[PDB]
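**Q** If you scroll down you'll find the structure; I have some questions about it.
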Amino acid sequence: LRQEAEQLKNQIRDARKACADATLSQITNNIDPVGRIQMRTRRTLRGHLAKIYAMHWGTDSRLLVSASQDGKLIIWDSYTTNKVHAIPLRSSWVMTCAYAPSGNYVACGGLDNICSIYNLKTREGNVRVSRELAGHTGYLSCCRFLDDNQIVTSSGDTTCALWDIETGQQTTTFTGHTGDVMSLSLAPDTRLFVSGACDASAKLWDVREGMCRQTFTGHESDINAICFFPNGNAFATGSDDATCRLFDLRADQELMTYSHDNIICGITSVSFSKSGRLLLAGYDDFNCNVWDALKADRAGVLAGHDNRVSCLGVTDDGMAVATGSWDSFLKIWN
Amino acid sequence: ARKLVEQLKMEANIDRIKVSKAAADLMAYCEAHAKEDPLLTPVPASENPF
Amino acid sequence: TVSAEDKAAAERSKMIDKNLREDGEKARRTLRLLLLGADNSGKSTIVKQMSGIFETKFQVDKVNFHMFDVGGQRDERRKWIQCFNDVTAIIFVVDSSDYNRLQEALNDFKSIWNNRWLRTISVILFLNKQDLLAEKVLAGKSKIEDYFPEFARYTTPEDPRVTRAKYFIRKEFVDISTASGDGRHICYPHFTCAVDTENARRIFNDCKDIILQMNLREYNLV
Amino acid sequence: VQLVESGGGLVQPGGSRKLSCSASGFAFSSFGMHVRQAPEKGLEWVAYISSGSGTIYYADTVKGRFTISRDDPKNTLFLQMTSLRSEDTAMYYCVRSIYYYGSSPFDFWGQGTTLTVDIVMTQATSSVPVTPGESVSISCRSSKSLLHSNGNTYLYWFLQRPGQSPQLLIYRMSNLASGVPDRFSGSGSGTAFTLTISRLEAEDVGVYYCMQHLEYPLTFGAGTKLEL
Amino acid sequence: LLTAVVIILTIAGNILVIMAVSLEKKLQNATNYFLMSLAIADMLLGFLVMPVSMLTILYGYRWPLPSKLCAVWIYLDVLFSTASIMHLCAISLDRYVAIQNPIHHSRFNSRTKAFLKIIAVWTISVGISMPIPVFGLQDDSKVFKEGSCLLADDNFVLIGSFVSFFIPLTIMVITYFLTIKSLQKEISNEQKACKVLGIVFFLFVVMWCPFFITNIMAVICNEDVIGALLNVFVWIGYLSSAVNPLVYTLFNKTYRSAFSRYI
Ligand SMILES: COc1cc(CCN)cc(OC)c1OC
Numbered sequence: 007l008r009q010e011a012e013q014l015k016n017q018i019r020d021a022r023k024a025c026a027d028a029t030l031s032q033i034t035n036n037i038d039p040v041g042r043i044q045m046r047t048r049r050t051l052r053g054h055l056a057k058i059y060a061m062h063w064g065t066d067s068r069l070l071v072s073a074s075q076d077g078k079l080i081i082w083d084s085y086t087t088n089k090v091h092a093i094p095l096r097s098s099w100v101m102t103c104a105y106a107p108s109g110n111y112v113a114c115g116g117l118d119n120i121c122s123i124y125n126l127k128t129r130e131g132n133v134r135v136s137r138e139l140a141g142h143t144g145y146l147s148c149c150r151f152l153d154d155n156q157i158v159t160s161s162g163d164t165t166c167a168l169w170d171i172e173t174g175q176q177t178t179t180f181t182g183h184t185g186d187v188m189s190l191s192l193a194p195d196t197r198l199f200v201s202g203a204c205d206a207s208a209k210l211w212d213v214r215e216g217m218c219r220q221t222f223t224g225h226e227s228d229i230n231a232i233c234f235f236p237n238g239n240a241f242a243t244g245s246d247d248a249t250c251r252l253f254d255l256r257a258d259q260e261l262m263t264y265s266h267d268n269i270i271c272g273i274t275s276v277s278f279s280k281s282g283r284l285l286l287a288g289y290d291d292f293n294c295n296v297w298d299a300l301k302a303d304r305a306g307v308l309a310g311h312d313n314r315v316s317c318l319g320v321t322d323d324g325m326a327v328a329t330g331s332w333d334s335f336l337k338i339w340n
Numbered sequence: 012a013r014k015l016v017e018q019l020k021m022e023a024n025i026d027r028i029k030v031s032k033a034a035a036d037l038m039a040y041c042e043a044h045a046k047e048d049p050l051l052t053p054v055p056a057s058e059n060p061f
Numbered sequence: 004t005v006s007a008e009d010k011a012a013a014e015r016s017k018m019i020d021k022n023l024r025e026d027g028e029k030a031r032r033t034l035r036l037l038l039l040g041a042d043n044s045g046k047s048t049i050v051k052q053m067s068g069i070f071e072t073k074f075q076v077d078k079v080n081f082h083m084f085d086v087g088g089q090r091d092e093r094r095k096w097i098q099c100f101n102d103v104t105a106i107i108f109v110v111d112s113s114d115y116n117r118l119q120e121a122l123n124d125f126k127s128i129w130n131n132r133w134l135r136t137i138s139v140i141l142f143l144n145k146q147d148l149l150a151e152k153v154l155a156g157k158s159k160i161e162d163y164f165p166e167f168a169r170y171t172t173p182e183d184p185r186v187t188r189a190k191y192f193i194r195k196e197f198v199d200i201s202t203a204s205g206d207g208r209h210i211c212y213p214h215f216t217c218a219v220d221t222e223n224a225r226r227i228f229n230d231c232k233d234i235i236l237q238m239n240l241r242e243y244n245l246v
Numbered sequence: 002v003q004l005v006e007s008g009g010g011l012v013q014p015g016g017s018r019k020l021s022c023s024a025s026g027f028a029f030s031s032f033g034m035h037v038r039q040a041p042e043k044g045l046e047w048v049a050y051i052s053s054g055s056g057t058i059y060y061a062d063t064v065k066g067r068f069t070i071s072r073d074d075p076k077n078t079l080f081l082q083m084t085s086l087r088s089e090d091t092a093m094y095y096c097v098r099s100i101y102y103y104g105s106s107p108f109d110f111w112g113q114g115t116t117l118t119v125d126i127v128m129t130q131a132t133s134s135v136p137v138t139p140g141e142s143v144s145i146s147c148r149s150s151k152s153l154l155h156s157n158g159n160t161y162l163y164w165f166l167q168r169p170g171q172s173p174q175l176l177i178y179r180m181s182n183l184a185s186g187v188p189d190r191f192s193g194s195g196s197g198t199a200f201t202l203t204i205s206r207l208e209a210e211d212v213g214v215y216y217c218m219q220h221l222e223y224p225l226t227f228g229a230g231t232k233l234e235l
Numbered sequence: 079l080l081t082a083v084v085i086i087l088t089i090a091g092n093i094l095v096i097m098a099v100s101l102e103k104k105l106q107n108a109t110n111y112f113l114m115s116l117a118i119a120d121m122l123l124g125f126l127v128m129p130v131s132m133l134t135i136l137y138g139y140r141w142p143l144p145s146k147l148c149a150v151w152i153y154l155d156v157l158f159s160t161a162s163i164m165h166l167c168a169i170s171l172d173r174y175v176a177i178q179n180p181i182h183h184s185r186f187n188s189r190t191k192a193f194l195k196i197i198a199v200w201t202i203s204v205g206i207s208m209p210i211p212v213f214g215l216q217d218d219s220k221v222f223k224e225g226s227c228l229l230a231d232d233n234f235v236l237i238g239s240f241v242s243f244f245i246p247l248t249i250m251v252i253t254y255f256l257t258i259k260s261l262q263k264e315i316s317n318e319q320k321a322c323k324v325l326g327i328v329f330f331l332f333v334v335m336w337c338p339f340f341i342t343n344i345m346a347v348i349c354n355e356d357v358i359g360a361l362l363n364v365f366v367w368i369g370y371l372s373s374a375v376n377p378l379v380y381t382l383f384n385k386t387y388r389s390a391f392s393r394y395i
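Encoded structure:
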């Protein structure tokens, strides 16, 4: 069986090699440069005692949720800086948070291996745990709402699952990874999603079928961060190699790599602008670099954090960028 | 072991498009939605909620 | 230029801030500890006072200690160890009786000690089951020289043979700790029996010294 | 959730009476608490006590006479009333209101207890003839524009059915309060607002009050009565 | 002249300390904020007071400046000198508390404690220096003497030299002895800390002690000799404001690196 695997793997390598007639940079060589981009901190959100691990924007583009080591989940009003809610968490170790597309619910995850869904809008006027989802044998690295009922999670079990929150049991499990799944991103159409793992491979997943469509391998080390291009035909990865790579679903291969000899720190986060021309990456070097997605030329730097940047998010309308960090402050950039 | 072979065969057969065509589609999307993007071209201060 | 509803929202935000500050001030008082031992080390048996993560609380001299034990993960710990870089100290428990496991224990200690995130954190090393170690050394059926040739030619700086063996085993870990030489973090070695009346007291003294060194560095005395 | 008012009955002029509303089933500390209806007049807002009692407001009619206080652990709100006059006779309502981005204040009202002893909001028609199954429209106006710079227009619509407390229908002129059928809609412009009911049915008959929350004191309209 | 060097060194040291605290991300904590406040006091002294004293030296001790301005000058002298002295006393007390029981010191080592300490020392110095403006402006004979301008209030001199340098001296002696007896109970770090503490204490005593003791002997008791001794020792004591910014910082490696970078 192993010998048969090599032939099919060799067939795949020839298939993607044959398609690479032109390079992305060759195609977009005659495109006007975006030039230097400058953004300044419009708002600095204070109130988190300890380091911030994760954040997520609401679809209304004004509210965001953040999770921190101090054991609190806080919903902010970005425009006015006010705190809408502050949720006490049973476990102080929280690796991820999510905000529902409707905004009625938020979710949580961490080393306790349980995903806790919170009901923001309720009679009696307090946030309460609607459901605690159990069934993962490892820490939850990420969680994202498809809708109010359904939520996908990724774990250190090397498995991802689709949960029905009303029933509280998994409806599908995704088992392709050979390492802890660090990140996931949902396609805009929601019919499919990607996952990144310490295996250093990214696999396209079909939510309805429960199978892996494609697998992408270009990273030497773990893939910390994953994001889908706004069109949905491509996605961008972040790893500990201090390089980001753009992959294309249809071509099934790499288009462009965003690497600079100056920087050696790993990429903690990646995000895309609304147009997709800009790729924003968060590093352990206490700063975020803005890349021209087409030309892979650095267009700017966002440096205001005294510690590493845990999370990075771009608003749905694309007006603002929010970056959390281990110094316990979130900054809105514009 | 046997499962790895089965998945690899399924991944092998997939409709693949030219990298040039994929790059052209990506560029086209970026050009089409460049105007809508606020981060690329700085918005007037009146329009900015922040 | 703020509506009444916006003023009420701001007052609610300020009340939330006050409650968060109170909770943080309450949380600061406890000293947080991390317990790491691969297996057969008696890491649960170290402290007599008391699925993803196990938490233990013991109090000594009116000081609250939090000890976390993460046992639901694989042998590799690179990802979840990032969270525990704010801890006061890391408690490493190793069974000195089993000589075959000692090389793996030394490799684990080196990996923890040289981890980038845990560079600031000091370690408290409990060499455990010293009574079983002494019994094996007196019996002599198991030879330390076979596993580590250095013991066959060693001199000390409880029987003398047992003392030499225990000093040798301690010296390996102390040398791995000394190899860094940074001084920001120090390894405090101790020898613990299977049942010991006081280990929270030892942890308390080591945490007192750990905090004292940080105080000296902050006050620019060093 | 429940708010049960206590105290009332005959009081001589110049006497003092304490009215208390006891809260059960909701987090009393988080909510700010507030309203009286005269025997033959629309609603009038008496006093407000914020969460934590940090902020207090009174109507100019009752300022210097009434005092509003909350004892959070027992979940009770008090109104200490002094120098009662003939005008003070009314039915007093205990109302809860929570203020954050997207909250629906004035959502729940108490039953109320009878006692026997500035933006001008105007409703055009005191009574409007209606028929079952026929769409109707209700109009209210503001002396001053209720649209704030931040973009929210602070207009609220309440419904008081016969023998029942007012119920919130629409908050901030467009949002529909939870538990309300979709038929109700709020279309509004600055200084002029309206409520539209489509497929009107029985049990939706009552006085429709328009309120402004732009600034204190809170003013209620006279209200428009619907009868089949 | 030798007095022009001291003003240059004072302002240079306090600029270097201020930029080292403000433009470094790692040094920003409570102790360096208290040290910044001390440097601010020493700068205010070495900017507003010492060049005026140099002009007095050059002018033959007749006062070129307005007479009313001398009373406020003495006010600023006493204000900033007391501020520096109780800043050093509070530094010594904080060092003793942080060294004796380091576990209990970290339980209440926030910035609120440092702000309260800064407020306390400045309020104490203001209250000590309070009567000079009020009584000196009303009567010019209380601050002037035969053209030269000095504190002619004998009882005020005794009280403000006993409450400003004979309470702090015994407090610093007691805390230094107890800190030495605490670190010796236990190691090159502790020996280096002991050497630094001894150097700081003996430098403070050597710099400041002769001025106050000769000031007391001037009033409690040959007038020209005592006047000349006070004249030299009041300039010796001004050199301490150019030494504390250096000694309290240069034992750190980060401060040395910042000072080498900025120069
Ligand atoms: C309060 O201590 C004093 C401090 C100085 C500092 C002089 N550079 C001068 C004084 O007398 C004018 C003092 O009072 C006796």
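Residue numbers (the entry's author numbering), protein chains in the order written: chain C, 7 to 340; chain D, 12 to 61; chain B, 4 to 53, 67 to 173, 182 to 246; chain E, 2 to 35, 37 to 119, 125 to 235; chain A, 79 to 264, 315 to 349, 354 to 395.
No residue lacks a Cβ here, since even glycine has one placed at the ideal position from N, Cα and C.
To the nearest angstrom, report how far apart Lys191 (chain A) and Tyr380 (chain A) are at their CA atoms.
**A** If you take the alpha carbons of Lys191 (chain A) and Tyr380 (chain A), they lie about 20 angstroms apart.
**Q** In this structure, what does DSSP give as the bridge partners for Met93 (chain E)?
**A** For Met93 (chain E), which the question treats as bridged, DSSP gives the partners E:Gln39 and E:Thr116.
**Q** Under 8 angstroms: do the segment 95–104 of chain A and the segment 84–98 of chain E share three or more Cβ pairs, one atom per stretch?
**A** no
**Q** Which bits of chain B does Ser156 (chain E) rub up against, with CB to CB less than 7 angstroms?
**A** The answer, in chain order, is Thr4.
**Q** What are the residues that DSSP puts in a beta bridge with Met128 (chain E)?
**A** E:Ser149
**Q** Can the beta-carbon of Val84 (chain A) be found closer than 8 angstroms to that of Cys148 (chain A)?
**A** no
**Q** Using 8 angstroms for Cβ pairs, my map puts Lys78 (chain C) next to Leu23 (chain B). What's the rounded Cβ distance?
**A** 6 angstroms
**Q** On the DSSP bridge assignment, give the partners of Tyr394 (chain A) in chain order.
**A** DSSP output for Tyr394 (chain A) lists no bridge partner at all.
**Q** I want to see whether chain B comes within less than 8 angstroms of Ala92 (chain C), judged by CB atoms only; does it?
**A** yes
**Q** Does the segment 28–47 of chain C come within contact of the segment 19–38 of chain D, defined as at least 3 CB pairs closer than 8 angstroms?
**A** yes
**Q** In its own chain, which residues sit with a C-beta less than 6 angstroms from the C-beta of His183 (chain C), not counting the 5 before and 5 after it?
**A** Within the same chain, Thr164, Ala203 and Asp205 come within 6 angstroms of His183 (chain C) by CB-CB distance, once the 5 residues on both sides are set aside.
**Q** Leaving out the 5 sequence neighbours to the left and right, which residues in its chain are closer than 7 angstroms to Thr257 (chain A) when beta-carbon positions are compared?
**A** Within the same chain, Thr257 (chain A) has close Cβ partners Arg173, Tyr174, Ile177 and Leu325.
**Q** Let me confirm a value: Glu22 (chain D) is counted as buried when at least 16 other C-beta atoms fall within 10 Å, else exposed. Which label applies?
**A** buried
**Q** Residues of chain B with CB closer than 7 angstroms to the CB of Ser52 (chain E), please, in chain order.
**A** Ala11 and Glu14
**Q** Give me the DSSP bridge partner(s) of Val186 (chain B).
**A** Answer is none; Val186 (chain B) lacks a bridge partner.
**Q** What residues in the segment 121–147 of chain C have a beta carbon less than 7 angstroms from any beta carbon of chain E?
**A** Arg129, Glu130, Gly131 and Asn132
**Q** Would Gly26 (chain E) count as contacting chain C if we go by Cβ distances under 8 angstroms?
**A** yes
**Q** Closer than 9 angstroms by beta-carbon distance: list the chain E residues that pair up with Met83 (chain B), in chain order.
**A** Within 9 angstroms Cβ-Cβ: nothing; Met83 (chain B) doesn't reach chain E, min ~34 angstroms.
**Q** Count the other CB atoms within 10 Å of the CB of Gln39 (chain E); is the residue buried (16 or more) or exposed (fewer)?
**A** buried
**Q** Just the Cα atoms here: how many angstroms apart are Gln13 (chain C) and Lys20 (chain D)?
**A** 10 angstroms
**Q** Quick one, which of C:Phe335, C:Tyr289 and C:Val158 has its alpha-carbon nearest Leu55 (chain C)'s?
**A** C:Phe335
**Q** How big is the Cα-Cα spacing for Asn116 (chain B) and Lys145 (chain B)?
**A** 15 angstroms
**Q** Take the Cβ of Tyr387 (chain A) as the centre, count every other Cβ of all protein chains shown within 10 Å, and call the residue buried at 16 or more, exposed below.
**A** Residue environment analysis places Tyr387 (chain A) among the buried positions, since at least 16 neighbouring C-beta atoms fall within 10 angstroms of its C-beta.
**Q** Can you check whether the C-beta of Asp322 (chain C) is within less than 8 angstroms of a C-beta belonging to chain E?
**A** no
**Q** Under the criterion of a Cβ to heavy atom distance below 7 angstroms, does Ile152 (chain A) qualify as lining ligand 1?
**A** yes
**Q** Do you know how far the Cα of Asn340 (chain C) is from the Cα of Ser207 (chain A)?
**A** When the Cα atoms are used, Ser207 (chain A) and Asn340 (chain C) turn out to be separated by approximately 51 angstroms.
**Q** May I ask you to list the residues that DSSP assigns as paired with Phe235 (chain C)?
**A** DSSP, once it has assigned bridges, lists no residue as partnering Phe235 (chain C).
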